[PDB]
Each structure stands twice: as structure tokens, then as C-alpha cells.
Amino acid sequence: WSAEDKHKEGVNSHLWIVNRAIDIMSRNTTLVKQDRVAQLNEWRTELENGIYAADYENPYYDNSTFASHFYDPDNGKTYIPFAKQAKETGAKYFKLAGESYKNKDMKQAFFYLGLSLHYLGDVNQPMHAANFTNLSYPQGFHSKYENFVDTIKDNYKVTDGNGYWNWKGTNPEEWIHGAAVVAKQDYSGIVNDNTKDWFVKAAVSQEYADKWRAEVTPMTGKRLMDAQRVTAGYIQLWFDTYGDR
């Protein structure tokens, strides 16, 4: 998903997913301790820095190949043979964040948590769970799709307090894998012969630009709603794990 502005949701789908996940936690009045939400807001600059840094510098963006932002659940791999993938990378930063939190280094903790949230957010994008990059056929569709999502994402906010609490076990890798399983199932609702066809014809015809955008909207909304619920669960897991128990 996009992460083009550090502190603005307009062109940062990753930050929008996290902010909507925090709103789910705030809406929950049965299980969530609201001081957790206050801690995320207190260290929001560092959290947002971590969410943005993943797509912009080393080691996180893998020398501009973004290999660690992809993870196919069926084979456990990213799109480049032998490169690091999103499950081991997102789990690495979940644990580094927790160790920093226990040592009371909040700036370090929330930056590493933002990184981990970014990787979990990416495996909820079906193209990232299927190794479909901006060079895959049809080339340029991955990037135009992610730009398009920013223009519609406000229509898919989750407005209830039901995150996926304890969705998977206590291992963060299980959450990243589980989210990629669901996202790859939804891959054909976005990438298929029709959307490929219309995207290619969209260069010459505006009518086709609208056609592929409309076609991918329903599954995009579904994926964005699941990403908010899974992210809220994952933040709650992090505080349950390192927050003193």
C-alpha cells in the first residue's frame, strides 16, 4: 500500500490503516485499556516515522527492490529468490519494538512497532501476498492500483469496536502469515484477465480507466476492512505481550 507522506493520510494508506485500527481500539469498551491508545498517540511521531521508513530507506526497502514487503503464504517466499520476506521481517521488528518497550526506550519501541505494522499492512494487499510487483504483467498496474486506493479508502472505515482480538496465537509470524493467506485468496478479485485488459486499454481510453477502477473496488473495500481489524488485533497482542504480562 502507499506510504508517500510521513504524517498525512491522503497519500499514505499504511498510516490510514493504522489510524483506523487505533480507532477500533478506542471504540472498544469491553476489552481495550484506553491507556494503550494514549501511549500510541504520545509517541505518534515515532510510530509514523517507522510506518514511512519501510518504503524509503535501507535496510527496510532492500535497496529499492522492496523484497521484504512481499510474502506468498503458499511457498513462504518473496519475489526474489533467497531474499528476506515480510513475515520474518515484520516479526523481527515486533520483537525489537517489545524489547525496547521493556527497557523503557519509547522512541525506539514505537519506531520499530511502526515498521512492524507496515509489513503486516503490506501482506494484506493481495499483490504483495502473491508476488505481483510493479514489473509484473501488466507493468505499472501495481503502482496505479495503490494510488487509486488512496482516492477511495475513506469509504471503507470500520466503524465498530470489533478488532480480531487473539486472531492467531502469540507468535507475530502467525498473524502475518494468516493475513497473507486471506489476502492471496482475494487476489483474483483484483488481478485477472479483465482488469489486465482494461488497464492496458486505459492508456488510450478513459472509459477503460473507469472500468478497472470500478471492478477492483468491492474487493479493495473488503481487504481494507480486514486490514483494519487484523491490525487492531496485532497492536493489542503487542501490548499484551510486552505491556507487563
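In this text, residue numbers run from 1 along the sequence as written.
When the two stretches 215-223 and 184-192 are set side by side, the higher mean Cα temperature factor goes to 184-192. Looking at mean Cα B-factors across 120-128 and 165-173, the upper value is held by 165-173. Reading the B-factor column for the CA atoms of 40, 32, 204, 67 in the entry, the top value corresponds to 204. Across the residues 146, 74, 160, 88, the deposited record lists the maximum Cα B factor for 74. Sort the modelled residues of the chain by CA B factor and residue 242 lands in the highest third.
Looking at the C-alpha B-factors along this chain, the one for residue 46 belongs to the middle third.
Among all modelled residues in this chain, the alpha-carbon of residue 139 has a temperature factor (C-alpha) in the highest third. The entry lists a Cα temperature factor for residue 106 that places it in the highest third of the chain's modelled residues. Ranked against the other modelled residues of its chain, the C-alpha B-factor of residue 63 as given in the entry falls in the highest third.
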